Structures are given as C-alpha cells and as structure tokens.
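Encoded as structure tokens, the following chain is the form solved without the RNA, with no partner shown.
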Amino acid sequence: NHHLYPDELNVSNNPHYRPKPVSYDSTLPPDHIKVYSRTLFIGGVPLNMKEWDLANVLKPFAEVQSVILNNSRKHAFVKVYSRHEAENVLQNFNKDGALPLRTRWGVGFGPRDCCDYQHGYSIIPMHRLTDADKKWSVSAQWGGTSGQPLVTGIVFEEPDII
C-alpha cells in the first residue's frame, strides 16, 4: 500500500482533514460524471530520491497523502489531500527548474482515456466504472461524494480507492 499514513480518517482531529466539495454540471452527457484529479505525475525523479523525500520537498505547497514511486522509471504518482493543494503545486513548485522534477496532472481514478491532461479532470461514463469504483466514489475518506449517489452531471474530487 502506497498511503503514507496507514488507517487515517478524514476527521476534524486529523491535520489532514479536508472538505469534500461536490457540484453538478448539466452540460455533461448522459451517465457521465466529472472527477478532479488530486494526483500529480512527477518525472525527472533522481535515483536516490524516495517517497518521503518527495513529500518533504512538496510540503510548503501541499500535504502528500500517497506516493507510488519507481526510481528505475524516473517517476512518481503523488496524491495530495485536496484539489486546491494539487493546483498550488502546479502553480508554484519548482517553476524556475532548480530541481530536475517535472510536474503535471496525473490520473489516479478512472480510465486514462477519459482524462483531460491539460485541465486535470476526467469526464467518465459510469458504465466504465467498476462496482468498486462506484462504491469508492460515494464512501471514500478523502474526495468522493460524501454519501450522495452518482448521477449524470455530478462533479467531485478524486476519491481514495482503499
């Protein structure tokens, strides 16, 4: 498992507490939902940079929740606790290029072909989500719908997937 803080809960006593914003977009086609990524793809990762090193360097911009790192592939998938935090990294982290890290929107939920990589969201037809995906979307600790059912046009932040 790739979560940095095992078994944590999205509760007010956790410093990682974040709200779960949900909205509705009438323009989506039938049976489609919109999911904002909380996952960054980081390329240019040096050989001796580990998961906590990435969390440590990012901390002034965002609190890292999970990291899937592969040094042999020079990359990591880094999930942060909120969409706002992910945007803050892309806006403000390493913009001069003092570090070799190269950061962009990643995909942590749903099919890769549904992702708009420029804007960091996916428009996903619900027939392409597993029952597990649908359950995660409604019941996850961070992101998801906070109990609200999945309907055409619902918009939410990337849900945790176990």
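The numbering used is simple: start at 1 and walk along the sequence shown.
Enquirer: Looking at the entry, does 67 to 75 or 88 to 96 show the higher mean C-alpha B-factor?
Expert: Result: 88 to 96.
Enquirer: 7 to 15 versus 150 to 158: which one carries the higher mean Cα B factor per the record?
Expert: Comparing 150 to 158 with 7 to 15, the higher mean C-alpha B-factor belongs to 7 to 15.
Enquirer: I'd like to know which of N56, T103, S37, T130 has the highest C-alpha temperature factor in the PDB entry.
Expert: Comparing C-alpha B-factors across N56, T103, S37, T130, the top value belongs to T130.
Enquirer: Lowest, middle or highest third: which one holds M126 when the chain's residues are ordered by CA B-factor from the entry?
Expert: Highest third - that is where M126 ends up once the chain's C-alpha B-factors are sorted.
Enquirer: Would you mind ranking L28 by its C-alpha B-factor against the rest of the chain and naming the third, lowest, middle or highest?
Expert: Middle third by C-alpha B-factor.
Enquirer: By the record's CA B-factor, is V45 among the lowest, middle or highest third of residues in the chain?
Expert: Within its chain, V45 is a lowest-third residue by C-alpha B-factor, going by the deposited values.
Enquirer: Thinking about Cα B factors across the chain, which third does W136 belong to?
Expert: Highest third, going by the recorded CA B-factors of the chain.
Here the subject shifts to the form deposited with the RNA bound, a form of this protein not shown in this document.
Enquirer: Counting heavy atoms only and using a 4.5 Å cut-off, do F41, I68 and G108 all touch the RNA in the entry with it bound?
Expert: Every residue of the spot touches the RNA in the entry with it bound.
Enquirer: Between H119, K59, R104, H127, only one gets a heavy atom within 4.5 angstroms of the RNA in the entry with it bound; which residue is that?
Expert: It is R104.
Enquirer: Heavy atoms within 4.5 Å of the RNA in the entry with it bound: which stretch in 109 to 117, 24 to 32, 46 to 54, 129 to 137 meets that?
Expert: It is the stretch 109 to 117.
Enquirer: Do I161 and the RNA come within 4.5 Å of each other in the entry with it bound, heavy atoms counted?
Expert: Taking the distances in the entry with it bound, the answer for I161 is yes, it comes within 4.5 Å of the RNA.
Enquirer: With heavy atoms only and a cut-off of 4.5 Å, decide whether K74 touches the RNA in the entry with it bound.
Expert: Within the cut-off, so yes.
Enquirer: Who in 1 to 20 is close to the RNA in the entry with it bound, meaning a heavy atom within 4.5 Å?
Expert: If the 4.5 Å heavy-atom criterion is applied to the RNA in the entry with it bound, 1 to 20 yields only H2.
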